[PDB]
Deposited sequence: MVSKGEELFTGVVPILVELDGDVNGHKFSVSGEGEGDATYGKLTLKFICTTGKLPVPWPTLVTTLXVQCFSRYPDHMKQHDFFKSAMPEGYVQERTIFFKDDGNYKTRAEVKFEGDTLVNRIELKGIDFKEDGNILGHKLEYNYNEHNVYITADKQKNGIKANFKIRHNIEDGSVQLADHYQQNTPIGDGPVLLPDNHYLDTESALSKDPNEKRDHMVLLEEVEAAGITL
């Protein structure tokens, strides 16, 4: 295998996610747990709002709540920055602009803590409309397929990504969320700096029928693409 970190993902890897958020002063925390199987680009996660009621729609947090679990085809193995940063991990930073509404800024560390892949996130949201699609909870509980466009950032020894998320509104219209992303290794080791490609990212949201707490069950299937065999 072409990076040391890539070997850490040949099997099923337990995952922990911890998020602390503050959006227009509405504070919340989310904890998630599950497992990833990057061989197949798959993961399964269950998230709980540990502070009670989530003040923003669950779909708006999907992208923030581990692209190291992507399946890179055999011919694209030299382009997997995410696994190559492991186990020291990477900082993942975004700004996410909700069209005609506010923005989230996120900073996350994704790294191994023992045998667990851990995503620890801080999120700050500002300039939201209290009666908008976000703070007004007007988004459908579903998720569209999206491509995440990745380019190398030689300078920061890292990558950049941008993409637009389409969140379905309750009336069948769409709330757009423009994502800008930077990832930089935490560790000192060499990392793989990719040619241009994308992650074909499929997400399915559901509820655990036995769960009383405000929650989201998420299954994802992601494969890298865009470089011809």
In sequence order, the deposited-sequence ranges that have no modelled C-alpha atom: 66
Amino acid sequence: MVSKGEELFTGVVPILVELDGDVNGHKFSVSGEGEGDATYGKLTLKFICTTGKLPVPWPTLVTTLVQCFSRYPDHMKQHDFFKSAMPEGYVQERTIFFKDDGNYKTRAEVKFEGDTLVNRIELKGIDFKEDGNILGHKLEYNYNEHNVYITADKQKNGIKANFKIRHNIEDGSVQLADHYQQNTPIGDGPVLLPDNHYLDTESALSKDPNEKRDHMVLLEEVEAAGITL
From here on, numbers count along this sequence of modelled residues.
Between 70-78 and 150-158 (mean CA B-factor, as deposited), the higher: 150-158
Of 169-177 and 187-195, the stretch whose C-alpha atoms average the higher B-factor in the entry: 187-195
Among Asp101, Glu93, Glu113, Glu122 - the residue whose C-alpha B-factor is largest in the record: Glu113
CA B-factor ranking of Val62, expressed as a third of its chain: lowest
For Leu16, the third of its chain into which the C-alpha B factor falls: middle
Entry-reported Cα temperature factor of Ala108, expressed as the chain third it lands in: lowest
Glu211 CA temperature factor, ranked by third within the chain: highest
Chain-wide C-alpha B factor ranking for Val118, given as lowest, middle or highest third: middle
